[PDB]
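J.: here is the sequence, then the experimental structure:
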Amino acid sequence: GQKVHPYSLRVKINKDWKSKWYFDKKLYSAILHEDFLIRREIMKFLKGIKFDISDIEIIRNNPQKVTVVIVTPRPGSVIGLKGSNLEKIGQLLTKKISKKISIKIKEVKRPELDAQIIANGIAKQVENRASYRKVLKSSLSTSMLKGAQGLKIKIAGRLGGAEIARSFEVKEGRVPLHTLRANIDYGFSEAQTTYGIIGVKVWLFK
RNA sequence: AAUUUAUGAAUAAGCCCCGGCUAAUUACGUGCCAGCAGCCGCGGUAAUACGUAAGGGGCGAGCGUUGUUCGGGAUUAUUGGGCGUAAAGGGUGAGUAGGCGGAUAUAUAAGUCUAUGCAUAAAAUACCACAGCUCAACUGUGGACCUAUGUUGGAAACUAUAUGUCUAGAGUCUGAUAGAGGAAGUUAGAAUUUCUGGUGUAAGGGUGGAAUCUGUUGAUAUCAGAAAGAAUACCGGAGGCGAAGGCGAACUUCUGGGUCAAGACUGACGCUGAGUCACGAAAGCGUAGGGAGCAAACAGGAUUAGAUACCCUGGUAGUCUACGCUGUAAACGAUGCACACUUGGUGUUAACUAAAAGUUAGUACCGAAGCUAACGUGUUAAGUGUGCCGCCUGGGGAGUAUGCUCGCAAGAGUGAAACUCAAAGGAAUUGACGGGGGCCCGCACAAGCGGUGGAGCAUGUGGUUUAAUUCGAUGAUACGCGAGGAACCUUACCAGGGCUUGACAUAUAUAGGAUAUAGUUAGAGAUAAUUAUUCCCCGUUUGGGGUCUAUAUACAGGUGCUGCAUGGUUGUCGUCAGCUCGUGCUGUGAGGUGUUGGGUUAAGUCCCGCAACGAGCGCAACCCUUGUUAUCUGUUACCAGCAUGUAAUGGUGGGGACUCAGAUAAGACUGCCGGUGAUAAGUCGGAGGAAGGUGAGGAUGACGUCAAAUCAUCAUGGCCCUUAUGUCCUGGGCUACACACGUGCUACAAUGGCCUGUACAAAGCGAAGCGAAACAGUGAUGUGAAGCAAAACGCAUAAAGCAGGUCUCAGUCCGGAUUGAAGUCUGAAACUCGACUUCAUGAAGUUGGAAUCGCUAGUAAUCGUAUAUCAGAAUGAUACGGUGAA
């Protein structure tokens, strides 16, 4: 079980936490857990609609005001109908917490300069019986031509539904995991299928 | 037969197959059972291969199976295969029959060719047209294609027949010449053994190490003499000769073969060769000798569980000679013989030439083209051609059984079948492995310091038994592990009691509060009945917006099975230095090169060269602590020079000096110097410097392996339960024992125990939490509350240490397990099953067998401190400092 999480390696060196706030010992655990609740509720309510979101990141300037930023590459679809889905989030969140939630949508400029988006795309494709090798080759080529300096993709599980599990990997360019000053984006995604569950991991060097 | 009307879709399809061969896939049931199958092979919980359905393919009044023949099989190869290593060259030669064979002239015309003359090859059938059955099959009339024999007339090259000619093939003669060629008869010396005679004494001999054996009856060693047997160092080899086997001291006699040439003669007299004959290493057999040394069988001594062996000491056949048999070898160049041809390089033998220099005939190595499955071969073909002989047709059974021939015998030659397998085999590639080789690394060894295994307890597992002692982890990589806390909860187990839209959700329509706060009734509690009480709030209320009751559902639920259906995470080889790709090149191919060379490093680190050129994941670097300095800031920190509070406290007023804290920077990069090294990479010292060659530590763990661990953290396919395997509570249990193993603690005592006084830390923790000063108490602790969300106060006066007194080698003033009595704290509760204290009780234990673990410097070793889980409870785990080596 090798290969430490690259994000964890790069935190505080050239990355930052996915939640911007600080609080003392008294409030820390409660506010932490309300952040966890926000993510799990948003993602439940959206992956009901199957939506693939790059990240959910939180900014808490105030002990009772909170800013939730959903960052995604299909912002209009994520918004839904005139922000009614936006408020469908907000009302449900206040139905369990006593703070003021302001939701904003961060638009993704380069959909294939985002490892999480790539991983979600792969997972959705293999969820519809698309052939894994062709999907991986196509995605690799597309994102490699768009301008990334290095990309690696690894899927694992019951590929093509055989009895015996297997893992398949593709890569090219520079993917220097051990380099700390590297700007490595890491994404993980996961496909539920009639034959079991298939894991997808994506490394992308910039 | 055929023809014309009358009635009407009326009278009418099945079989095999669907993994590849082989045209045709999905869904259920089965779970290495049932079964399929021509071959390979399918079925162990998701079967396109089994069984049934749905589809699809093939053929069709047929479709499949079995039996038999041919074809695919060039797998009996005339067309059209082989024999170095896959099955296959005879052990070798001389030759009979047979086959084949230089140049050229004439004749014959058997072969061959032609007029596809001429006939004969009955008919049908077989081939090509044309016809008649409604067509076809079927039937009929003509026309031929081969090739088989006979015969007529021609052609003559080739084979054949008969008679000649020639010389270039092959022989004879002449001359020259090399040689362990063979047989017979003589001779020689070294060495060894035995015997005899001197000198001389206690060992000799032998092995990895010993012993048997030899020797005080004179060994071994040494000198002299005598005798016998066998074998021929040096010459002596990338030699020589012979058909092969084989042949090496010297000489003679007898005798076989080869090579060269103008150097004449014969004139095809030749090649190969079934039977047959001759020879044929070593072993063996018969007769008669000989017997030194060596040495099957055999004996003894060792190694070993055993040693009918390897090793040692002895030792009979045999080894030797004469004659007569046997006729077998990895008898090999694993390559039959002969001839005509087909680039070279480097040696060597003989001859011709005075010799070089070349040629010829041999004999070796390398190698172009060609050949070869590859290895390799390559003018001494395994190359291009042919003559003749021998031999092969999957493996086992089997070179067996039986028969025959030969032999004194042992055996040799010839040589099956039944049955059984789907492979056997050749060469080569990539890995792995070696009690193979070479070069390196690691507390791997070595050199050291402490342990484990022995004892007391703590802790885990197995075994064992209970109503249950829930499970998972099981070599390294499980076993003080998941467990960073089993008195209840935890908790998955057990004995009991309740609940069934459920202990909890979301959404569908009812109809008025939820549970609420505090108690009652029974209860072990859960529970139900209850009492206080309501549809509340936004609106000025009804209608409304949502809210739970309490109902009916969609639904929930599961620590139940499968880690061999999985994701995710993790161990491990291993922080070992390796693992691959793009293009190019190379091999028929699996692949190889890059990444095989010489140096060098901790490293596929770096340099050069090399059909490789480059790149990627790794290594290193970038990161975080610690190690020096500079600026910025001095509270809650710090205190130097001041005053000063009697303390204890920088405590107070004061002060930025210092430490310190934390931001920003500098600094160490083989940078520089010397030597060495291929002008290199690198390497050993030196200077500067807090830090030098990665400064020290941590983080960082490549492709992959072990179907390695986990469904029991979560997620998850399939299966399974649905008043149940779910769920609420009471108690028990995970803490059970004749036992075996693993991890730790405390000791066994004098580098120590006990008593008294005194000194020096760091890192952490505190909100229902830290809890001080003091007092009570021998003590665990109790009352109290200062201060503090804390570099502000508290935990907290650290312990080894040091300065004194005591103990005297004693199971002890060592050891503190075990039990008895009385207490402390936690919480509702600690009997099974908590920690701690006081008093008594004082066991095992004398440094621990085989075996085994950790560690290269602030490291082992030892002494305390803090934290995580936590109401309470650590010898475990995490972290911190003190002393500090070999």
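T.: Arrived safely, thanks for sending. Numbers count the residues shown, from 1 in each chain, chains lettered A, B, ... in the order given.

J.: what's the neighbour count on residue A:143?
T.: 24 (other CB atoms under 10 Å). Placement of C-beta: from N, CA and C, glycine included.

J.: following the helix ranked longest in chain A, which helix or strand shows up next?
T.: Among the segments of chain A that qualify as a helix by DSSP state H, the longest is helix A:25-47. Remark: after helix A:25-47, the chain's next helix or strand is strand A:55-59, criterion DSSP states H and E.

J.: chain center to the helix or strand following that next one: distance?
T.: The element immediately downstream of strand A:55-59 (helix or strand, assigned by DSSP H and E) is strand A:65-72. In this view, strand A:65-72 has its centroid 14 Å away from the chain centroid, taken as CA atoms, centre = their mean, to the nearest Å.

J.: and stretch A:141-152, by the same measure?
T.: Mean-position distance between stretch A:141-152 and its chain equals 18 Å (CA atoms, centre = their mean).

J.: one step back: if you count contacts, what does the longest helix of chain A end up packed against?
T.: Using 3 or more CB pairs under 8 Å, 6 or more residues apart in numbering; DSSP states H and E as the contact test, the elements touching helix A:25-47 are strand A:55-59, strand A:65-72, helix A:84-94.

J.: recalculate using a threshold of 10 Å.
T.: strand A:19-20, strand A:55-59, strand A:65-72, helix A:84-94, strand A:100-107 (3 or more CB pairs under 10 Å, 6 or more residues apart in numbering; DSSP states H and E).

J.: who wins for proximity to RNA strand B among the ones you listed?
T.: With distances scored as CB to the nearest atom of the strand, the stretch of the helices and strands packed on helix A:25-47 nearest to RNA strand B is helix A:84-94 (9.2 Å).

J.: ok, and does stretch A:89-98 reach over to RNA strand B?
T.: Yes: under the criterion of CB under 7 Å from any atom of the strand, RNA strand B is reached by stretch A:89-98 at residue A:95.

J.: show the end-to-end separation of that stretch, please.
T.: Terminal residues of stretch A:89-98 are spaced 14 Å apart (CA to CA, to the nearest Å).

J.: check which residues of stretch A:46-56 are buried.
T.: Within stretch A:46-56, the residues that qualify as buried are A:46, A:51-54, A:56, counting by 16 or more other CB atoms under 10 Å.

J.: tell me which residue of chain A is furthest from the middle?
T.: Of all residues in chain A, residue A:26 has its C-alpha farthest from the mean position, at 30.4 Å, by CA atoms, centre = their mean.
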